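Notes follow once the structure below has been shown.
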Amino acid sequence: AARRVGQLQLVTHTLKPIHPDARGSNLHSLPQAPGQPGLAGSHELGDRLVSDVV
DNA sequence: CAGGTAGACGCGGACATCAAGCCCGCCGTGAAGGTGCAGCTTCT
């Protein structure tokens, strides 16, 4: 199991929905809060979220 | 080559009730997955 690798424990970056045969980069970095009033995303100002793993 | 002016077209009252609306059987399947390693193969 320690020999078996592949995990990354993502938060907001899964390259695999975009044409799954694609060996790209996946990130675990939730973005900064937008300073502009109005729009919002990323599920980031409350109600803590689970972490994907690819 | 022409063909009218005027004025007005009613009120009332009512428009049904009864009873029931089926049963049977079934509903396609085939193809739409990636990653990692062991071993083979081909070439030098």
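Ordering of the structure tokens sets the chain letters (A, B, ...); residue numbers start at 1 within each chain; ligands are numbered from 1 in the order shown.
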inquiry  = I want to know what sits within 10 Å of range 14-30 of chain A, based on only C-alpha atoms (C1' of nucleotides), with residues of the same chain fewer than 5 positions away left out; could you give that as a list in words?
reply    = residues 8, 9, 42, 43, 44, 51, 52, 53 and 54 of chain A; 33 and 34 of chain B
For those residues, write N, CA, C and O atoms (P, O5', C5', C4', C3', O3' and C1' of nucleotides) to a file as an mmCIF file, in the first residue's frame.
data_model
loop_
_atom_site.group_PDB
_atom_site.id
_atom_site.type_symbol
_atom_site.label_atom_id
_atom_site.label_comp_id
_atom_site.auth_asym_id
_atom_site.auth_seq_id
_atom_site.Cartn_x
_atom_site.Cartn_y
_atom_site.Cartn_z
ATOM 1 N N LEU A 8 -3.380 12.318 -4.634
ATOM 2 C CA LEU A 8 -2.962 13.712 -4.506
ATOM 3 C C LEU A 8 -3.774 14.521 -3.498
ATOM 4 O O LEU A 8 -3.246 15.514 -2.984
ATOM 5 N N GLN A 9 -5.008 14.119 -3.169
ATOM 6 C CA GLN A 9 -5.907 14.777 -2.207
ATOM 7 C C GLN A 9 -6.194 16.230 -2.604
ATOM 8 O O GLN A 9 -5.760 17.190 -1.968
ATOM 9 N N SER A 42 -16.654 28.643 -5.264
ATOM 10 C CA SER A 42 -15.669 27.794 -4.591
ATOM 11 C C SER A 42 -16.080 27.176 -3.257
ATOM 12 O O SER A 42 -15.253 26.484 -2.652
ATOM 13 N N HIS A 43 -17.330 27.398 -2.805
ATOM 14 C CA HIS A 43 -17.890 26.841 -1.553
ATOM 15 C C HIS A 43 -17.016 27.181 -0.342
ATOM 16 O O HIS A 43 -16.778 26.348 0.537
ATOM 17 N N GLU A 44 -16.531 28.425 -0.299
ATOM 18 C CA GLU A 44 -15.346 28.753 0.479
ATOM 19 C C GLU A 44 -15.597 29.627 1.700
ATOM 20 O O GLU A 44 -14.697 29.748 2.539
ATOM 21 N N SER A 51 -12.516 16.599 0.567
ATOM 22 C CA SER A 51 -11.411 16.664 -0.376
ATOM 23 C C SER A 51 -11.465 15.472 -1.317
ATOM 24 O O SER A 51 -11.474 14.321 -0.869
ATOM 25 N N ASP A 52 -11.511 15.752 -2.613
ATOM 26 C CA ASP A 52 -11.374 14.716 -3.619
ATOM 27 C C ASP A 52 -9.955 14.160 -3.603
ATOM 28 O O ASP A 52 -9.025 14.786 -3.098
ATOM 29 N N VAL A 53 -9.789 12.973 -4.180
ATOM 30 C CA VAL A 53 -8.463 12.418 -4.430
ATOM 31 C C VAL A 53 -8.480 11.725 -5.788
ATOM 32 O O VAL A 53 -9.452 11.053 -6.150
ATOM 33 N N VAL A 54 -7.430 11.960 -6.574
ATOM 34 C CA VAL A 54 -7.338 11.504 -7.952
ATOM 35 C C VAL A 54 -6.169 10.531 -8.035
ATOM 36 O O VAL A 54 -5.332 10.454 -7.134
ATOM 37 P P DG B 33 -17.165 4.393 -21.180
ATOM 38 O "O5'" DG B 33 -15.771 4.443 -20.423
ATOM 39 C "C5'" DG B 33 -15.151 3.246 -20.036
ATOM 40 C "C4'" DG B 33 -13.865 3.536 -19.304
ATOM 41 C "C3'" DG B 33 -12.608 3.550 -20.180
ATOM 42 O "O3'" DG B 33 -11.709 4.550 -19.705
ATOM 43 C "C1'" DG B 33 -12.350 2.010 -18.471
ATOM 44 P P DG B 34 -10.653 5.251 -20.696
ATOM 45 O "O5'" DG B 34 -9.396 5.538 -19.761
ATOM 46 C "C5'" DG B 34 -9.464 6.564 -18.790
ATOM 47 C "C4'" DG B 34 -8.592 6.226 -17.604
ATOM 48 C "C3'" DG B 34 -7.094 6.199 -17.904
ATOM 49 O "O3'" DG B 34 -6.404 7.105 -17.059
ATOM 50 C "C1'" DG B 34 -7.788 4.209 -16.763
#
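Nearest residue to chain A among B:28, B:8, B:44, B:35 is B:35, counting only C-alpha atoms (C1' of nucleotides).
Using only C-alpha atoms (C1' of nucleotides), the nearest neighbour of chain B within the list A:1, A:6, A:39, A:50 is A:6.
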